[PDB]
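Line by line, the protein sequences give chains JC, 1K, JD, MD and 1T.
According to the authors' numbering, the residues represented by the first sequence are 1 to 36, 45 to 440, in order.
Last residue of the second sequence: 147 in the authors' numbering, with the numbers rising by one and none dropped.
Last residue of the third sequence: 427 in the authors' numbering, with the numbers rising by one and none dropped.
Last residue of the fourth sequence: 426 in the authors' numbering, with the numbers rising by one and none dropped.
According to the authors' numbering, the residues represented by the fifth sequence are 4 to 97, 111 to 268, in order.
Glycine included, every Cβ here is placed at the ideal spot set by N, Cα and C.
Each remark here refers to the structure printed beneath this line.
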Amino acid sequence: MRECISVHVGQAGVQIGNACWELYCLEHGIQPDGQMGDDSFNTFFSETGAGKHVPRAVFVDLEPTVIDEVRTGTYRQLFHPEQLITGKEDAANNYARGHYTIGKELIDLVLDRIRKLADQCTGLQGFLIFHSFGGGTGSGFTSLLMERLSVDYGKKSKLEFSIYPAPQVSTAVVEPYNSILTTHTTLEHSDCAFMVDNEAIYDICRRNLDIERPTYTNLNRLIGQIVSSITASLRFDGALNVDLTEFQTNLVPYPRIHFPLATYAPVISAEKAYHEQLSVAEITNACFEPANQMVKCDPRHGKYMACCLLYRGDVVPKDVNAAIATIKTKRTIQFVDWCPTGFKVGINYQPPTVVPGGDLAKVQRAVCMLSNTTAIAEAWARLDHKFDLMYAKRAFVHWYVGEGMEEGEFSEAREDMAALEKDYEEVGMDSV
Amino acid sequence: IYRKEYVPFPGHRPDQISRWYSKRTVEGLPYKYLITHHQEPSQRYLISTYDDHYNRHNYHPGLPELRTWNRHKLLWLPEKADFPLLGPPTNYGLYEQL
Amino acid sequence: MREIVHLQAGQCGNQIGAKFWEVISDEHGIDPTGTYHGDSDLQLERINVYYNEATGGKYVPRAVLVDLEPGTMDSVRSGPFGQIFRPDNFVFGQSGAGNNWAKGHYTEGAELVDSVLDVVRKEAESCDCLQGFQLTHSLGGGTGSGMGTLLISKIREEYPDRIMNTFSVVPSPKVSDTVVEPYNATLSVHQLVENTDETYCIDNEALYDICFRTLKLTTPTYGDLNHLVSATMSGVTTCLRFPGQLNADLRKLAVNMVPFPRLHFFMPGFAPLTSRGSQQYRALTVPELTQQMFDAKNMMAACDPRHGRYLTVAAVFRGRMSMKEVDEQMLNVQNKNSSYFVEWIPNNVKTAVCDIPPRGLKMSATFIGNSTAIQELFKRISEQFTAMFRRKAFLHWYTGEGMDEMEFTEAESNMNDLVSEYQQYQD
Amino acid sequence: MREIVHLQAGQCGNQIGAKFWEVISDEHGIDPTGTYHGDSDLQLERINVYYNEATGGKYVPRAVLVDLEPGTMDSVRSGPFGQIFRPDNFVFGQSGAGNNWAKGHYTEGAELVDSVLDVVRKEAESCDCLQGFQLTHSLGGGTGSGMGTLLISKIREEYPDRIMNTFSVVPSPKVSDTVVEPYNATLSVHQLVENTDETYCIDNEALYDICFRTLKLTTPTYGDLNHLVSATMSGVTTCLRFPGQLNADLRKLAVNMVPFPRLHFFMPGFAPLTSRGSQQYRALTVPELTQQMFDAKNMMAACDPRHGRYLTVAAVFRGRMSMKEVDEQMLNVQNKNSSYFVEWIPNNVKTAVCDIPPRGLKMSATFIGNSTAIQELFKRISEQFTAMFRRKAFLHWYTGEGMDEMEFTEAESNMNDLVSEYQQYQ
Amino acid sequence: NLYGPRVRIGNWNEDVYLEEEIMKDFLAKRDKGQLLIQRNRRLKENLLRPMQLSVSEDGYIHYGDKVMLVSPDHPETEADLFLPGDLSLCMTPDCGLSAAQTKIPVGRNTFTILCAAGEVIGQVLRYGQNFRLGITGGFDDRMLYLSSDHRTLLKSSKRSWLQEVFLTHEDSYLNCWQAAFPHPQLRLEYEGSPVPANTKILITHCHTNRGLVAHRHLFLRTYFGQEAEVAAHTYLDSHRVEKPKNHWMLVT
Ligand SMILES: Nc1nc2c(ncn2[C@@H]2O[C@H](COP(=O)(O)OP(=O)(O)OP(=O)(O)O)[C@@H](O)[C@H]2O)c(=O)[nH]1
Ligand SMILES: Nc1nc2c(ncn2[C@@H]2O[C@H](COP(=O)(O)OP(=O)(O)O)[C@@H](O)[C@H]2O)c(=O)[nH]1
Ligand SMILES: Nc1nc2c(ncn2[C@@H]2O[C@H](COP(=O)(O)OP(=O)(O)O)[C@@H](O)[C@H]2O)c(=O)[nH]1
Ligand SMILES: [Mg+2]
Ligand SMILES: [Mg+2]
C-alpha cells in the first residue's frame with residue numbers, strides 16, 4: 001500500500017511514460033486492457057471488484073493529438089479516460105505561454121484529479137515528475153505544478169527525471185530561455201533532479217546494441233529501465249530494500265545541490281547476452297566510465313560527492329562490496345574528501361524484464377547508478393554561455409514579455425544561476 | 050511509431066521463478082544447519098553432569114577395570130577419551146506430567 | 001526462571017531475530033508451530049527464560065520485533081520460523097526513518113514508541129521476575145539506530161536496576177553501505193553509553209572474512225552470516241538456560257568484565273568454527289578450541305587485539321568437558337603474551353561452563369573481551385564524522401526534523417571523552 | 001424461581017434483543033423452533049429466568065418487543081430466531097416518532113403504553129418471584145428514548161420493588177448518527193436518573209474501539225457491536241442461571257455498586273476478547289483476564305476512568321478454577337492503581353463466580369464500573385444541548401407535539417445536578 | 004574469473020564439499036520419502052481418488068447414498084467478481113470446506129447421506145427431515161460430519177465474517193441439516209414429499225436456522241485453485257425468497 005504517484009508533463013513526459021508504463025504492465029503480469045503470488049502492483053497499479061489494475065498516474069499535455077493517440081492506440085481500456093488530461097492549444101515552445109495563460113486555465117482540473125488519487129492512497133510516499141526541461145509544456149506547466157504541490161502537500165519526496173537538453177545537438181531555438189527559467193522555480197521546490205539527454209542514448213543504441221537509425225521509442229526504453237530499477241525496491245522484494253526517500257535524504261547534502269546524474273550499466277543486445285558473462289565486477293566498473301553516461305559531461309573534470317548503486321537480480325552483497333572497494337582505491341576516479349563514505353547499496357531479486365523484440369536482452373543482473381557531481385556545473389555554464397549570447401542580442405524577448413511575463417524576471421533568472429554555479433564551485437573546493 | 054511499436058503483445062509472461070533462485074542464494078535456508086555443524090550428524094547428544102556422574106554411574110560398554118598403557122603414546126585414555134554419551138539423555142518423567 | 005526479553009530494531013534486527021529464534025527453537029526443540037517436541041527433559045525446565053507458555057503447548061516466544069517500514073517485519077512473519085511470534089508482538093509502521101537518525105528518533109519514530117511500550121509492559125510483567133532486557137540493531141540506519149536508541153532510553157528509565165545487552169552492528173572500515181553512516185553512528189553512541197551496562201560490537205566486514213577464510217565459501221551471504229551472530233548470542237546466556245559445572249548469568253558476566261561504568265564495549269566471538277572440508281578431519285578439543293579463541297581472525301568486529309591491550313577477557317564453555325585443561329590453557333594464553341594483557345588486573349580471564357552444547361556441536365564456547373581495540377573503532381568513526389561535520393554536509397536532513405545543532409557537537413564531545421577513557425590504559 | 005422480563009424498545013433495542021435472545025438461546029441450548037437439543041442438565045435447570053414454557057418442550061422467551069413503526073419488529077419475526085417469540089408479545093403501532101422524544105413520550109407513545117403495559121403485566125404476574133424487569137434501548141431516538149422512558153416510569157409505578165435494569169446506548173462522543181440526538185438524550189436522562197435501579201451506558205463509539213484495537217476486526221458490523229452488548233447482558237444474570245461458588249444476582253450487584261441513591265450509571269466491559277489469529281497464542285489465566293477487564297481500552301463506554309475515580313467495581317467472573325488467583329489479583333489492582341479508587345469506601349470490588357464457562361472460552365468476566373468519569377458523558381450531552389436550545393433549534397418540533405420550554409431547562413438542571421452531585425463524591 | 008561447478012579454479016574443493024553433503028541429505032531423505040512432493044503427492048492422490056457415486060433407481064434420493072453437492076450457474080451480476088459456476092463442495096485442508117469447479121466425482125467431493133433419526137439404510141429422504149452429511153478422509157477410514165456452530169467472537173468463517181461450516185468427528189445436533197423447497201409459497205405443502213435428485217433444494221441447519229450459503233465473490237486459495245468460500249447464512253431478496261446463492265443440488 002506504499003504507492004508513489006507519477007506525474008508526466010509535456011510530450012516528452014507522456015512519451016517516456018508510455019515506455020515506463022508498458023514495462024509496468026509487462027513486469028507485473030498485466031495484459032494491456034487492465035486485467036491479468046508475490047510482489048506489489050498496489051504500489052503502482054489499482055484494484056477494483058472486477059480484477060482491474062488502473063494505472064494510477066496522470067498524463068498532462070497541451071497537445072490533444074498525442075493523448076488522442078493514446079486513447080486510440082494500444083492502452084485504450086488500460087488507462088482510465090479522464091485521468092489523461094489534455095488541452096486544445098499548445099504552448100508552442102514558450103515558457104510564459106505555459107506559465108501565465110495556458111497553465112491557469114487547466115491547473116485546477118489537474119489538481120482536482122490528484123486530490124481524488126491521493127485520497128484512495130494511504131501510503132503516499134512521493135512524486136515522480138517526468139517533464140521536458142527545455143520545452144514549452146514541460147517548462148511552464150511543470151513550474152505551476154511544482155509551485156502548487158510543494159505548498160499544499162507539505163514535505164513529501166519529489167523526484168523528477170528532467171529531460172535535460174543535449175549540449176551540442178538541440179531541437180529547439182529558444183531552449184536556454186525555457187531551461188534557465190524553469191530551473192529557477194524548481195530549484196527551491198525539488199528534492200532530486202535526475203538529468204538525462206537524448207544524444208547519449210542514441211550513441212548507446214548504436215555502439216552497444218548494433219541497431220542503426222534510432223528513434224525516440226528506442227530511447228525511452230532505457231529511461232524506462234532506469235525508472236523501473238529505481239522503483240522496483242517497492243514493487244518487489246529484495247535483500248537490502250531501498251525505499252523512495254533514500255534518494256531524497258541520502259544523496260544530496262545541501263538544499264541547492266540536488267542535480268544527480270543517472271547511468272544504466274548493462275546495455276547489451278539480444279545476440280550478446282546469451283553470448284557474454286555478466287559479472288558483478290564488469291557491470292559496475294563500466295558504470296563509472298565517462299563514455300556510457302546519460303548526460304554529455306566528463307566526471308573526471310569534477311569530483312564525485314555522493315553516489316547510490318542500485319543492484320537488481322542474481323547479485324550477492326560480497327561481490328558488491330569487493331567491486332565497490334576496487335573503485336575506492338582507483339586514482340583516476342576523483343572523489344571528494346569531506347564525504348568519505350559516498351555510497352549506497354540496493355538489492356532486488358529479479359532480472360529486468362525485456363520489452364518485446366527490443367534492443368536489450370534478458371540480463372540476469374543489473375546496476376543502476378545515481379551519482380551527483382560538481383562536474384555538472386560545466387553543463388550549466390554552457391547554458392550560461394548560451395543565455396549570455398542570446399540575451400545580449402535582446403533576441404526573441406517580445407514573445408515572452410508580450411504574454412504577461414515581466415521582462416525583469418529574465419534578470420533574477422541569472423544571478424541565482426550565478427550563485428548556484430558559485431555554490432557548486434565552493435562545495436567544489438578541498439578543505440585542509 | 051506509437052501504433053507500430055506498441056503492440057498488444059500476447060503470449061509472453063515474464064519469469065517469476067528467478068525471483069526465488071536469488072531469494073534462496075541470499076537467504077541460504079537449507080544451509081543454516083550446515084554452518085555451525087561439526088563432526089558427524091547426531092540427533093541425541095546432550096546429558097547432564099549429575100545424571101551421568103551420580104545416577105547413570107558412567108559408561109557401561111567401556112572397560113570397567115582394564116586400563117591399558119598404549120604402545121605408542123604416553124596416556125591412559127580408555128577412561129578419559131571414552132567421553133560418556135551412552136543411553137538416553139537426561140530424562141526422568143516430566144514430559145509425562147506436562 | 002529469570003526472564004530475558006529480546007527486542008529487535010529495524011531491518012537488521014529483524015533479520016538477526018529471524019536467524020536467532022531458529023537456533024534456540026532447533027536447540028530447545030520447538031517446532032515451527034510452537035509445540036515442544038523435545039528429545040530430553042533438560043531443555044524444557046528452563047523454557048521460561050525464553051518462549052512463554054500458552055495453552056495447547058504453544059511456547060510462543062517473548063520478543064518485541066519492531067520496524068518503521070512494513071517490509072522486513074513481513075519477511076519474518078512469512079518464513080521457516082515465522083508463525084511463532086505472537087501476531088501482535090509485531091509493531092510495524094509504514095513510513096520508514098529512511099536512513100536518518102532524526103525522524104527515526106524525534107518525529108516519525110517517536111509515534112511508534114507508545115505502541116512498543118504498551119507491548120513491552122504487557123509481556124514483561126507477566127513473568128515472575130525479569131532478569132533484564134536485550135536488543136539487537138544496527139547503528140547504520142535510521143530505524144534500528146534512531147528508534148532503537150529512543151526505545152533503549154525509555155526502557156532504562158522505568159526499569160533502572162535491570163541488566164541490558166545490546167548488540168550493535170558498528171560500521172565497517174573499508175566498505176560502507178551508507179553515505180550518512182558516521183552521522184547515524186556517532187549520535188547513536190552518545191545515546192548508548194549512559195543507557196547500557198554492556199555492549200557488543202558486530203562488524204559486517206569482519207564476519208565476511210570468517211565465512212571465506214575460516215568457513216571457506218565463495219558466496220557468503222547475510223543468512224550465512226547472521227547465523228554466526230546468533231551463535232554467540234545463544235552462546236552467552238547458556239547458563240541461564242542450562243545447568244553445568246560452573247554456572248554464571250548475565251551479571252557474573254557483567255561484573256567481571258566492565259570495570260568502569262563507561263568502558264562496556266566488548267569483543268564478541270565464537271570458538272568452534274572451521275570449514276566443511278575439515279568436518280571429520282578435526283578433533284574438537286580444548287587445545288583446538290582455546291588456541292582459536294584468542295586469535296584476531298576469529299573476532300566479530302573490525303578490531304585487532306595486537307595493536308591494543310585487553311582489560312578483562314572471558315569465555316563460557318559448553319558440553320561434557322573436564323576443565324583443568326581450560327584452567328591451564330586459559331592461564332597459558334594469559335601468560336604467554338603478557339604484552340596484550342593488562343598489568344594492574346592480576347587475573348584477566350573469567351571462566352564459566354555449561355553442560356549442553358548446541359545441536360550439531362559436541363563441545364562449543366563463545367568469546368568476550370573488554371579491550372582498548374574498540375578505541376580504533378570509535379576514533380575511525382570520529383575521524384570520519386568530524387571530516388564531514390566541518391563542512392556542514394547533510395545537516396538539513398538532521399536540522400529540519402526538529403533537532404537542534406547543539407546535540408551534534410555534544411555527540412562528538414562524548415565520544416572524544418570515551419576514546420580518551422581508553423587512552424589511559426593503552427600501556 | 002426468580003425471572004427477568006425483557007423489554008426491547010426501538011430499532012436499536014430490537015437489534016440488541018435479536019442477538020441477546022440468540023446468545024441466551026445457546027447458553028441454555030434452545031434451538032430456533034423452541035426445543036432443547038443441548039447436552040448438560042444445568043442448561044434446563046434455570047430456564048425459568050429468561051424463558052417461559054408451553055406445549056411440550058417449547059420455551060417462548062419472556063420478552064415484550066416494542067417499536068413505534070412495524071418495520072423493525074417485522075425484520076425480527078422473519079429472521080433466524082424469530083419463530084421463538086410469541087406473536088402477541090410483539091407490540092407495534094403504525095406511525096413512528098421520527099427521532100422525536102416528544103412524540104414517543106407524549107403523543108404516539110402514550111397511545112401504545114397501555115397495550116405494552118398489558119403484556120408486561122401478563123408476563124410478570126404469569127411468574128412468581130420476579131428478580132425484576134429489564135430494558136434495552138438507545139437514548140437518542142424516539143421509541144427507545146421516549147416510550148422507553150414512559151414504560152420505565154409506568155412499570156416502577158405498579159412494580160416498585162422489582163429491579164429496573166436498563167442497557168442504554170448513550171449518544172456517542174464524536175460518532176453522530178441522529179442530528180437531534182443532544183435533545184432526545186438530555187430529555188431522557190431526567191427519567192433514567194430516578195426510575196432505574198441500575199442503568200448501563202453502552203456508547204457505540206467505545207464498541208467500535210474494542211472491535212478495532214482489542215479484537216482486530218477490519219469490518220465491524222452492528223452484529224459484532226450487538227454481540228459485545230449481549231455478552232455483557234448474560235454475565236450480569238449468570239449466577240441466576242448457572243451454579244456458582246460466590247453467587248451474585250442483579251440486586252446483590254446494585255446493593256454493592258450504587259454508593260449513594262441518585263448515582264446509578266455503570267460502564268460495562270467484557271474480559272476474554274482476543275483476535276482470531278491471536279486466539280491460540282494467549283493463555284487464558286485469571287491474571288490475563290483482570291488485566292483486560294480493568295484496562296481503559298476495554299471499557300464499553302466512552303469515559304476513560306483514569307480521568308475519574310471508581311466509586312465501586314464489580315466482576316461477575318465465569319469459569320471453574322478461580323478462588324485464590326481471583327481475590328489475589330483483585331486486591332492487587334486496588335493496590336497498584338490506587339488513585340483511580342475512592343478512599344471514602346475501603347474495599348471497592350464486588351467479586352462473584354459462576355462455575356459454568358461460556359461455550360468455547362475456558363473463563364470470562366464482566367466488569368460493571370461506577371467511575372465518576374461517567375460525569376463526562378452527561379457533560380458533552382449538555383455542552384451540545386445547550387448549544388441548540390440557545391438558538392432554539394428544532395424546538396418547534398418538540399414544542400408543538402406538546403412540551404413547554406421549561407421542561408427543556410428543567411432537564412438541563414437535573415443533568416447538570418447529577419454531574420455536580422458526582423463531582424462532589426470524587 | 005567466475006567459472007561454475009566441476010571446474011577446478013579457485014576454492015573448488017569446499018564448493019565440491021558443499022555438493023556431496025547437500026546431495027547426501029537429499030538422497031537419504033529421498034529413498035526414505037520425507038520430501039515435500041512425495042508427502043504432498045500422496046495427499047493429493049488419496050483426496051483426488053477416482054471413484055463413482057451411487058445412482059438412484061428413481062428420481063428420488065434414498066438414505067445411505069453417496070451423493071454430490073453442486074451449486075449451479077446463475078445470472079447474478081450484482082458483483083462482477085464471479086467464478087463461472089457449477090461449484091461443488093470439496094475437502095479443504097491447510111479441515112475446512114470450500115467449493116470447486118468440478119462436476120465429476122473425485123473422492124474429496126463425494127458426500128454420504130447419513131441417518132439422524134431414521135434407521136433403515138434404504139428409505140427416501142424427505143423435505144424437513146433432519147439428515148447428516150458424511151465424508152471419509154484420505155487414508156483416514158473415519159467418518160467426518162458436516163457441522164456448523166453459532167456465530168461468536170472466536171469461531172467463524174475465513175474470508176466472509178458470517179457463520180462458518182466445518183468438519184468434526186464428534187456427533188451432536190450441530191451436524192444435522194434439513195432440506196427445503198426453494199419456493200416459499202409451496203415449501204410448506206411439500207413437507208411430506210421426498211426430494212428429487214437433480215433439483216434445487218435449500219439446506220438449512222436445525223440448531224441455527226441458517227442455510228448453506230455459497231459465497232462466490234470471495235476467493236479462497238489452496239492447493240487446488242481458486243475455490244470460493246462456503247458459509248452459513250440465509251440470503252433473502254426484496255420478495256423474501258432465498259437468493260440464487262443459497263440453492264444446492266444433490267446430484268448423483
Ligand atoms: N530524450 C527525449 N527527449 C524528448 C522526448 N520528447 C521530446 N523531447 C525533447 O524535449 C524537448 C521539448 O519538446 P516537447 O516535449 O515536444 O515540447 P513540450 O514540452 O510538449 O511543450 P510544447 O512544445 O508546447 O508542446 C524537445 O526539444 C525534445 O528534444 C523524448 O521522448 N525523449
Ligand atoms: N550482519 C548483518 N548485517 C546487516 C543485515 N542486514 C543489514 N545489515 C547491516 O545494516 C546496515 C543497513 O542498515 P539499515 O537497513 O539502514 O537499518 P534500519 O534503519 O533499521 O532499516 C548495513 O550496513 C549492513 O551492514 C544482516 O542480515 N546481517
Ligand atoms: N450498538 C448498536 N446501536 C444501534 C444498532 N442499531 C441502531 N443503533 C443505534 O440506534 C440509533 C437509532 O435509534 P432509533 O431508530 O432512532 O430509535 P427509534 O426511532 O425510537 O426506534 C442510531 O443512532 C444507532 O447508532 C445496533 O445494532 N447496535
Ligand atoms: Mg504537447
Ligand atoms: Mg448468596
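Same chain only: Cβ atoms within 6 Å of residue i, ignoring 5 sequence neighbours per side
i	result
residue 111 (chain MD)	none
Of the residues the options, the one placed nearest residue i, counting alpha carbons only
i	options	result
residue 96 (chain JC)	192 (chain JC), 139 (chain JC), 71 (chain JC), 62 (chain JC)	71 (chain JC)
residue 16 (chain JD)	29 (chain JD), 322 (chain JD), 64 (chain JD), 35 (chain JD)	64 (chain JD)
residue 66 (chain MD)	257 (chain MD), 25 (chain MD), 392 (chain MD), 118 (chain MD)	118 (chain MD)
residue 75 (chain JD)	12 (chain JD), 57 (chain JD), 51 (chain JD), 43 (chain JD)	12 (chain JD)
residue 93 (chain JC)	8 (chain JC), 397 (chain JC), 241 (chain JC)	8 (chain JC)
residue 326 (chain MD)	279 (chain MD), 246 (chain MD), 205 (chain MD), 343 (chain MD)	246 (chain MD)
Any non-hydrogen atom of ligand 2 closer than 6 Å to residue i Cβ
i	result
residue 405 (chain JC)	no
Proximity test, residue i beta-carbon vs ligand 5 heavy atom, cut-off 6 Å
i	result
residue 146 (chain 1T)	no
residue 226 (chain MD)	no
residue 256 (chain MD)	no
residue 247 (chain MD)	yes
Any non-hydrogen atom of ligand 3 closer than 6 Å to residue i Cβ
i	result
residue 12 (chain MD)	yes
residue 208 (chain MD)	no
Residues that residue i bridges to, as DSSP identifies them
i	result
residue 67 (chain MD)	92 (chain MD)
residue 60 (chain JD)	52 (chain JD)
residue 258 (chain JC)	None; residue 258 (chain JC) has no bridge partner.
residue 371 (chain JD)	310 (chain JD)
Sequence-distant residues of the same chain with beta carbon closer than 7 Å to residue i, five excluded per side
i	result
residue 421 (chain JC)	188, 189, 192
residue 116 (chain 1K)	125, 127, 128
residue 302 (chain JD)	172, 173, 203, 205, 206, 377
Cβ-based neighbour list, residue i, same chain, cut-off 8 Å, excluding 5 preceding and 5 following
i	result
residue 384 (chain JC)	203, 267, 269, 303, 305, 310, 432
**Request:** List in chain order: all unbroken alpha helix (DSSP H) runs of 4+ residues lying wholly within the stretch 176–251 of chain JC.
**Result:** 183–193, 207–215, 224–243
**Message:** Could you tell me which whole beta strand (DSSP E) segments of length 3 or greater appear in the stretch 112–186 of chain 1T?
**Reply:** 112–114, 127–131, 146–152, 159–163, 182–184
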